[PDB]
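In: Let me give you the complex in parts, starting here:
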Amino acid sequence: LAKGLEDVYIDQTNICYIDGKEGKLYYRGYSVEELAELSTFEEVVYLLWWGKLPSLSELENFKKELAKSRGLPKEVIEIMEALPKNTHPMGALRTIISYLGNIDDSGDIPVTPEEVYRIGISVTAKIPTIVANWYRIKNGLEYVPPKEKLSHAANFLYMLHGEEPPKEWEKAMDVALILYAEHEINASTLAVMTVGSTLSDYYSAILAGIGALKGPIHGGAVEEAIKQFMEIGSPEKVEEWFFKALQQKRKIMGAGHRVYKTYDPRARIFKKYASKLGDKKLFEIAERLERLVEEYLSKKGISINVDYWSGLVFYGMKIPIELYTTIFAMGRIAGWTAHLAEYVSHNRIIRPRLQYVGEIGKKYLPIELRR
């Protein structure tokens, strides 16, 4: 019985490698550290989909395809304006992406590698526009069209705030997208691949990813983690909160990982940005709790994961907490697209089994003879 499908390898891959015991991560052979420091989201997406770093012209041309794909048709904006104003961002994105599929000429076409990347360019480019403007529309703010000249990351901050961001913000945001871009076969990527394995359409597949990423013990933890520090209140109450949580068997959000049994390499980088951009008190609370996790839960293999420090970074960039998981989606769409294309290149329906326990051969008894 492979519960949680733990350590079950479902296919070969050339996209990303994770070293859980050592806490190392590579995107097509390049460490996440190197990319976070020297690359950009656009270049990383290019690398993830085509397997190598782009040339000067390859990157400029790809950046151009994306830029001209950020806009949303008027009917899409109309549907956004029709959503219940209280709809949470991930759920709103889910519906909007589904509607985008309905209006796309290729919305029902069975996935193939080439077509997946084509649609991927459009959806990847569009998510930030949907997320930022959903926040605006749900709050009675004016819709802000994308700015072709800004980077993917800068343009998101631009549409959301209605003003171009400072260099340090474009950098933190871009790095955040790179760090969230890809992570092998996590739950959301598995869901995307499972839908793709039936040769369904691109949108149906990405929607499964969105649904899975939304979960509080998956991508949703980015929001639960920061709310958790806020719940603790002050650095002085951390310890008492920690032992109560352990006693209660409560999950410490932002901690633990199916693969990493040591500090998440992405968490190291996020902590660095949270240190320089995050709220001093919250960072203090987070660091205090972090030490307790390392002290008592490390032998168990529970360390800090990617969703622990990222919220503080986004919060420091004046981004509402309700949009953090959608930002994870803004980045992960790259990895989802890469995996969907890779899996269906040599497709095989994903269909496992369950071990039935119970009686078989029970005889039907008319309802009137039942007690």
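Out: Alright, I've got the coordinates. Numbering: from 1, shown residues only, chains lettered A, B, ... in the order given.

In: Pairing partners for the residue lying closest to residue A:29 once chain neighbours are set aside in the sheet, please.
Out: The spatially closest residue to residue A:29, leaving aside those adjacent along the chain, is residue A:17, at 7.8 Å (Cβ to Cβ, 6 or more residues apart in numbering). Heads up, the C-betas are built off the backbone N, CA and C, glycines and all. Residues in a beta bridge with residue A:17, per DSSP bridges, are residue A:26.

In: Residue A:17 reaches residue A:26, doesn't it?
Out: Yes. Under the criterion of Cβ atoms under 8 Å, residue A:17 makes contact with residue A:26 at 4.6 Å.

In: Comparing these two, which residue is more hemmed in?
Out: Of the pair residue A:17 and residue A:26, residue A:26 is the one with more neighbours under other Cβ atoms under 10 Å, namely 18 against 14.

In: ok, that one - contacts?
Out: Remark: with contacts taken as Cβ atoms under 8 Å, 6 or more residues apart in numbering, residue A:26 is in contact with A:16, A:17, A:18, A:32.

In: Touching, residue A:330 and residue A:130? I think so.
Out: No. The criterion here is Cβ under 8 Å, and residue A:330 misses it with residue A:130 at 9.2 Å.

In: In stretch A:349-363, which residues are buried?
Out: By 16 or more other Cβ atoms under 10 Å, stretch A:349-363 has no buried positions at all.

In: Now the terminal residues of it, how far apart.
Out: 34 Å (Cα to Cα, to the nearest Å).

In: And stretch A:14-23, by the same measure?
Out: Start-to-end, stretch A:14-23 (Cα to Cα) is 19 Å.

In: Give me the most central residue, chain A.
Out: residue A:328 (3.3 Å; Cα atoms, centre = their mean).

In: returning to that earlier point: and the gap between the residue nearest to residue A:29 and residue A:30?
Out: 10 Å (Cβ to Cβ, to the nearest Å).

In: buried residues in stretch A:78-94?
Out: A:79, A:80, A:83, A:87, A:88, A:89, A:90, A:92, A:93, A:94.

In: what's the first-to-last distance across it?
Out: Terminal residues of stretch A:78-94 lie 16 Å apart, using Cα to Cα.

In: and that stretch, how far out from the chain's middle?
Out: Centroid separation for stretch A:78-94 versus its chain: 18 Å, with Cα atoms, centre = their mean, to the nearest Å.

In: List the contacts of that stretch.
Out: A:72, A:95-96, A:99, A:127, A:130-131, A:133-135, A:137-138, A:207, A:210-211, A:213-214, A:220, A:322-323, A:325-326, A:329.

In: go again using 6 Å as the cut-off
Out: If you take Cβ atoms under 6 Å, 6 or more residues apart in numbering as the criterion, stretch A:78-94 is touched by A:99, A:130, A:134, A:137, A:138, A:210, A:214, A:322, A:323, A:325, A:326.

In: If any of those are buried, put those into a ChimeraX selection.
Out: Of the contacts of stretch A:78-94, the buried ones can be selected in ChimeraX as follows, counting by 16+ other Cβ under 10 Å:
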select /A:99,130,134,137,138,210,214,323,325,326
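
In: Would you mind reformatting the contacts of stretch A:78-94 (as TSV) and adding columns for secondary structure while you're at it?
Out: Shown next, in TSV, are the contacts of stretch A:78-94 (DSSP: H, G, I helix; E, B strand; the rest coil):
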residue	secondary structure
A:99	helix
A:130	helix
A:134	helix
A:137	helix
A:138	helix
A:210	helix
A:214	helix
A:322	helix
A:323	helix
A:325	helix
A:326	helix
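
In: same structure, new chain, call it chain B:
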Amino acid sequence: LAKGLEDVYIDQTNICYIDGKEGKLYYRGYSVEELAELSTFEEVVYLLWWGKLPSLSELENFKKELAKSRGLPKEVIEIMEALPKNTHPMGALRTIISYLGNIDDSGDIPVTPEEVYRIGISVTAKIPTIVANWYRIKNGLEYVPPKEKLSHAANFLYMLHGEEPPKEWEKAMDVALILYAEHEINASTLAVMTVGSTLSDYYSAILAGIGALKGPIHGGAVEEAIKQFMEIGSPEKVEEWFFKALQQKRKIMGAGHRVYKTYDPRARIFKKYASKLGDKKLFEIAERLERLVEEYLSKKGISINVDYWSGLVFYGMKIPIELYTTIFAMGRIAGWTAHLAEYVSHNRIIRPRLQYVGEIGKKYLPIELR
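Out: If we add chain B to the chains shown above, we get the following:
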């Protein structure tokens, strides 16, 4: 390393048992044959969710809860009227279910066994209303609200046709839903459980199921199968077509199964109804092709599956082919809901691995140096 996860047993279950070698199927211990013969969709759903056949009182109350949840809010119908008329039913259903989730006060709540059944009653009851009326709306017909006194199966036909169906149709439709209700951990159910395993909401999980079921080699084959019979054209062209297909490495729709290595027990039952309600010629064509498969592919473990004959049955009840996969969804929502509730009762995130075959440690080269 298991490409396809063939024979990988992820967890234990008490919902459904499949005997792939013997071609047997049980829902909570009861053969699908018996349930298709003596039960009803509503009763089968109750069995699937709560694990036992209901009492007179239990069934009546359940049927009451379902019937009272069939209607759609004005805002939902409005969204339906806003979708492109050329949207395929499964794609339309997907967007509508997502929206229903948006307007639901529990649309973001982490799944729990009790909550899953609660929401399950609502979505299960609304699918036929959405499906039938999507067809009507997209074609200029008036919206037809659900009729409480009708059974789930009869009500679907009533809304779609604007006319209550004859007893024989209600029966065939009811049986179809029962046969599609549950099937262990198939691709769509795995997708549903995977989303559920992150403790996401009910709607997000079901939508993953809808997206997967949609695939042409999964639930979508029910539409592909009937179109394939019509494509062949006549019992005389079958053999010809059959071999051109085998040589072209084209898959025969309605045939093959990851588990069943023999005739699908559900396909047996569907054939019977297809024989009684299906188009003569189409049936003849399907029959000749069925023989060629049992002849040439039989040895390879490739037999007839549940999606081979159902189309003909739906076609005989004047149901547009474009709605067949959504009908599969209408029934399978029961199994999706059952597994969602059962799995999260002892949750563990579903997260496997991939065998990386590339190199690591590559050094980043400045773009100008490329």
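
In: What about the nearest residue to residue A:29 again, now that chain B is present?
Out: Counting by Cβ to Cβ, 6 or more residues apart in numbering or on different chains, residue B:362 is the residue found nearest to residue A:29 once chain neighbours are left out, at 3.7 Å.

In: Residue A:30 is in contact with the one you found, correct?
Out: Yes. At 4.9 Å, residue B:362 counts as touching residue A:30 under the criterion of Cβ atoms under 6 Å.

In: okay, those two: which has more neighbours?
Out: A direct count of neighbours by other Cβ atoms under 10 Å in any protein chain shown for residue B:362 and residue A:30 places residue A:30 higher, at 22 against 16.

In: domains in chain A, as residue ranges please.
Out: A:11-219+A:318-350, A:220-317 (curated CATH domains).

In: Quick one: end-to-end distance for the shortest one.
Out: Counting by Cα to Cα, the length from the leading to the trailing residue of domain A:220-317 is 19 Å.

In: Please state the offset of it from the chain centre?
Out: On Cα atoms, centre = their mean, the centre of domain A:220-317 falls 18 Å from the chain's centre.

In: coming back round to it: make sure the residue nearest to the centre of chain A is indeed in a helix.
Out: Yes. Using three-state DSSP, the assignment for residue A:328 is a helix.

In: Mind jotting down where the strands sit in chain A?
Out: Assigned by DSSP state E, chain A shows strands spanning A:9-13, A:16-19, A:24-27, A:30-31, A:353-356.

In: Show residues contacting stretch A:54-70.
Out: For stretch A:54-70, the external contacting residues (Cβ atoms under 6 Å, 6 or more residues apart in numbering or on different chains) are A:42, A:43, A:46, A:121, A:122, A:125, A:129, A:146, A:148, B:367, B:370.

In: which two from those end up farthest apart in space?
Out: A:129 and B:370 (30.1 Å; Cβ to Cβ).

In: hang on, residue A:229 packs against residue A:288?
Out: No. Under the criterion of Cβ under 6 Å, residue A:229 is not in contact with residue A:288, lying 9.4 Å apart.

In: could I have stretch A:236-254 exported to CSV, CA atoms only?
Out: Presented in CSV, the C-alpha positions along stretch A:236-254 are these (Å, rounded to 0.1, in the frame of the first residue of the first chain):
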residue,chain,number,x,y,z
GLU,A,236,7.1,36.5,23.5
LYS,A,237,4.1,34.2,23.0
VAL,A,238,5.7,32.0,20.4
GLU,A,239,7.0,29.3,22.7
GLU,A,240,3.8,28.8,24.6
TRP,A,241,1.9,28.7,21.2
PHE,A,242,4.3,26.1,19.9
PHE,A,243,4.0,23.5,22.6
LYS,A,244,0.2,24.0,22.7
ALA,A,245,0.2,23.3,18.9
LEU,A,246,2.3,20.2,19.4
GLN,A,247,0.0,19.0,22.2
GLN,A,248,-3.0,19.7,20.0
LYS,A,249,-1.4,17.9,17.1
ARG,A,250,-1.9,21.1,15.1
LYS,A,251,0.1,21.5,11.9
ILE,A,252,2.6,24.3,11.9
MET,A,253,2.0,26.1,8.6
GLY,A,254,5.0,26.7,6.4
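
In: Which phi and psi values does residue A:162 adopt?
Out: Taking degrees, to the nearest 10, you get phi 80, psi 10 for the backbone angles of residue A:162.

In: got it, and residue A:317?
Out: Torsion angles, degrees, to the nearest 10, at residue A:317: phi -100, psi 20.

In: What of the one 3 residues further on?
Out: For residue A:320, the backbone dihedrals are phi -60, psi 140 (criterion: degrees, to the nearest 10).

In: What's the end-to-end length of stretch A:24-44?
Out: In stretch A:24-44, first residue to last residue: 17 Å (Cα to Cα).
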